[PDB]
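The structure under discussion appears below in the form of C-alpha cells.
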Amino acid sequence: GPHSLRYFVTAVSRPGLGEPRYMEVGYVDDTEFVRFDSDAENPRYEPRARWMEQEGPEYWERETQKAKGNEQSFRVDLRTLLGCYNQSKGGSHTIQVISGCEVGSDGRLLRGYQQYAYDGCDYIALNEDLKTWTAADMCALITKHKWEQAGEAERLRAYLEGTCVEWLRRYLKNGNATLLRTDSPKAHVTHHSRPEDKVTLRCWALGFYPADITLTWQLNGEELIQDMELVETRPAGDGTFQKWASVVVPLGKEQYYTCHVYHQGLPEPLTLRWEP
Amino acid sequence: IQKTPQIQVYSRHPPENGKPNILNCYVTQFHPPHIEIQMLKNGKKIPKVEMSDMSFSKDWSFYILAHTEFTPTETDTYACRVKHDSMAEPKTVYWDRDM
Amino acid sequence: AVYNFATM
C-alpha cells in the first residue's frame with residue numbers, strides 16, 4: 001500500500017487588482033494537511049490536519065519563508081511568460097505546478113514528479129529518469145535550457161529522493177492514526193420513477209476512507225456497462241468520501257438488480273438491492 | 001480553453017430533520033481558476049463557509065469544495081450558486097434530499 | 001515540506 005506527498009501550486013495574475021494570487025496546498029494521500037494562501041489576512045503556512053499539531057513553530061516559519069520566496073519567483077514567471085508569449089498586459093493568466101513523491105509500504109521511493117502548466121496547458125515536466133526535461137512548446141524550450149545550465153534537475157532530484165521522501169515518512173508516522181485508518185462504506189439504494197415504465201435505481205456509498213472504491217450494478221451475474229451513470233468520488237467535508245452509481249431498469253424488475261461495493265474496509269464486498 | 005464548472009450538492013449523512021450534518025458543494029473541472037461560490041439557506045448567503053480540498057486533475061482543470069455545518073428541517077431549502085466566466089449568468093444548484 | 005522552486 002503506497003503513499004504520496006503532493007503539493008498543488010497555483011499563481012494567478014489579476015491586472016488592475018494588485019499582485020497575483022498565490023496558493024500552495026499539500027496533501028498526504030487524499031488528505032489535505034497544509035495550505036498557504038497569499039490572500040489570507042495574515043499570509044502564512046497553516047496546518048489543515050489535526051496531527052500537524054506535532055510540528056513546532058520552527059517548521060511553520062521555515063515553510064512560510066519558502067512559500068514567500070516561491071510567491072516572488074512565480075510573480076517573476078508570470079511576467080516572463082507574458083513576454084515570451086507576446087501577450088497583453090491586460091489579461092489574467094495562470095501557472096500551475098504539481099510536485100511530489102510516492103513511496104512503497106516499506107518507505108522506499110517509487111516515483112517522483114514535477115509538472116508545470118501555463119493557462120491550463122502542459123508547459124514543462126521532469127521525466128521519469130529525474131534527469132531530463134520535456135518542454136511542450138518553444139517558450140518552455142527557453143526554460144529547459146536555463147534549467148539544464150543551472151543544474152536544476154540535479155537539485156530537484158535531490159529534493160525528490162531526499163527531502164520529499166523523508167518528510168513523507170515523518171508525516172505518515174505522526175498522522176498514523178488518521179492516515180493509516182480504514183473507514184468502511186455504508187451503503188443504500190434509492191428508487192426514482194421515470195416516464196415509460198422505467199425506474200432509476202441509485203446506489204450510494206457513504207463515510208469511507210481512503211478514497212479508492214468500486215461500485216457496480218449487476219443484472220444476471222453480469223456487470224452493467226451501459227445506462228450506468230455515476231459521479232467522481234468526492235470529499236464529504238470531514239475527511240471521508242462518498243460516491244454514487246445508477247442504472248435505469250424496467251419497472252417491476254427491480255429485485256433482479258444488485259449493487260456491489262468493493263473497499264479496503266470491507267473484508268467481503270457489499271451486495272445491496274432496492275428495498276421497497 | 002475555458003471549462004465549465006460541474007456543480008454537485010450533497011450532505012455528509014442521510015438527512016434527518018433535527019440532526020446535525022454537513023452540507024457540501026463540490027465544484028469541479030473548471031478553468032480559468034477565478035470563481036465565486038456561495039452556499040445559500042432559503043435564498044440567503046450562509047456566512048462562514050469553509051473552502052477546502054483545492055486540487056487539479058491531470059488535464060489541469062480546478063477542483064474545490066465548499067462545506068458548512070447544518071441541521072435540516074422540513075422546510076429549509078439549500079443551494080449552491082456559482083459565478084464563472086464560462087457561464088453568462090450564475091448557475092444555482094439545489095440540494096435534493098431525496099436523491 | 002515544499003520545494004524551493006526555481007524561476008522559469
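Following the order of the C-alpha cells, first chain is A, next is B, and so on, with residues numbered from 1 inside each chain and ligands from 1 in the order they appear.
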Please provide the set of residues having any atom within 8 Å of residue 4 in chain C, restricted to only C-alpha atoms, with same-chain residues fewer than 4 positions apart removed, written as an mmCIF file with N, CA, C and O atoms, in the first residue's frame.
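File out_30.cif, as written:
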```cif
data_model
loop_
_atom_site.group_PDB
_atom_site.id
_atom_site.type_symbol
_atom_site.label_atom_id
_atom_site.label_comp_id
_atom_site.auth_asym_id
_atom_site.auth_seq_id
_atom_site.Cartn_x
_atom_site.Cartn_y
_atom_site.Cartn_z
ATOM 1 N N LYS A 66 9.789 29.804 2.790
ATOM 2 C CA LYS A 66 9.905 29.158 1.489
ATOM 3 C C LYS A 66 8.755 29.584 0.617
ATOM 4 O O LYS A 66 8.948 29.913 -0.553
ATOM 5 N N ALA A 67 7.553 29.564 1.179
ATOM 6 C CA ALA A 67 6.368 29.894 0.402
ATOM 7 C C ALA A 67 6.441 31.338 -0.077
ATOM 8 O O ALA A 67 6.028 31.641 -1.204
ATOM 9 N N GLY A 69 9.130 32.960 -0.751
ATOM 10 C CA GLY A 69 10.117 33.007 -1.818
ATOM 11 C C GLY A 69 9.517 32.463 -3.106
ATOM 12 O O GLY A 69 9.741 33.003 -4.188
ATOM 13 N N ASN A 70 8.749 31.382 -2.980
ATOM 14 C CA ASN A 70 8.050 30.810 -4.117
ATOM 15 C C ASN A 70 7.109 31.837 -4.743
ATOM 16 O O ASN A 70 7.059 31.983 -5.970
#
```
May I have the residues of chain A within 7 Å of chain B, counting only C-alpha atoms, written as a list in words?
residues 8, 32, 120, 236 and 237 of chain A
Write a file of the just-selected residues containing C-alpha atoms, as a CSV table (one decimal), in the first residue's frame.
```csv
chain,number,residue,atom,x,y,z
A,8,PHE,CA,-0.7,21.8,-5.7
A,32,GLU,CA,-5.3,18.0,2.9
A,120,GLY,CA,-4.0,25.2,-18.3
A,236,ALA,CA,-17.8,14.9,2.2
A,237,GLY,CA,-16.3,17.7,4.3
```
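CA of residue 153 in chain A is found 5.6 Å from CA of residue 131 in chain A.
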Those in chain B with strand (DSSP E) from DSSP, as a ChimeraX atom specification
/B:6-11,21-30,36-41,44-45,50-56,62-70,78-83,91-94
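Atom pair CA of residue 104 in chain A / CA of residue 26 in chain A has a distance of 19.1 Å (rounded to one decimal).
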Give me the residues within 12 Å of residue 5 in chain C as a ChimeraX atom specification, counting only C-alpha atoms and dropping any in the same chain fewer than 6 places off.
/A:7,9,24,66-74,76-77,97-99,114-116,147,152-153,155-156,159
So which one's closest to residue 2 in chain C, A:11, A:130, A:164, A:109? Using only C-alpha atoms, please.
A:164
Would you pick out the contacts of residue 41 in chain B at 9 Å or less, using only C-alpha atoms, so that residues sharing its chain but fewer than 2 positions from it are not included, and give the list as a ChimeraX atom specification?
/B:39,43-46,76-79
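One finds CA of residue 271 in chain A at 13.0 Å from CA of residue 223 in chain A.
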Leaving out residue 49 in chain A and any residue of its chain fewer than 3 positions from it, which residues lie within 10 Å of it when counting only C-alpha atoms, given as a PyMOL selection string?
chain A and resi 27+31-34+46+52-53+175+178+239
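The smallest atom-to-atom distance between residue 29 in chain B and any of A:195, A:101, A:232, A:83, using only C-alpha atoms, is found for A:232.
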Would you list, as a PyMOL selection string, the residues of range 108-197 of chain A that end up in alpha helix (DSSP H) under DSSP run on this structure's backbone?
chain A and resi 138-149+152-158+164-174+176-179
Test item: residues at most 7 Å from residue 229 in chain A, only C-alpha atoms, excluding those fewer than 6 positions along its chain, as JSON, numbers by chain
{"A": [245, 246, 247]}
Quick one: everything within 8 Å of residue 90 in chain A, counting only C-alpha atoms, minus sequence neighbours fewer than 2 positions away in the same chain. Send it as a PyMOL selection string.
chain A and resi 15-16+88+92
Selection file, N, CA and C atoms, as a short mmCIF file (atom, residue, chain, number, x, y, z; two decimals), in the first residue's frame:
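Final output, saved to out-v5.cif:
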```
data_model
loop_
_atom_site.label_atom_id
_atom_site.label_comp_id
_atom_site.auth_asym_id
_atom_site.auth_seq_id
_atom_site.Cartn_x
_atom_site.Cartn_y
_atom_site.Cartn_z
N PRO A 15 -4.65 41.74 -13.43
CA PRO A 15 -4.33 43.11 -13.83
C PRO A 15 -5.40 44.07 -13.35
N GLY A 16 -4.97 45.20 -12.81
CA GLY A 16 -5.90 46.17 -12.28
C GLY A 16 -6.24 45.93 -10.82
N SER A 88 -0.87 40.47 -24.01
CA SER A 88 -1.25 41.76 -23.46
C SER A 88 -1.06 41.84 -21.95
N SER A 92 -5.68 38.13 -17.41
CA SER A 92 -5.25 37.27 -16.31
C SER A 92 -4.63 36.00 -16.88
#
```
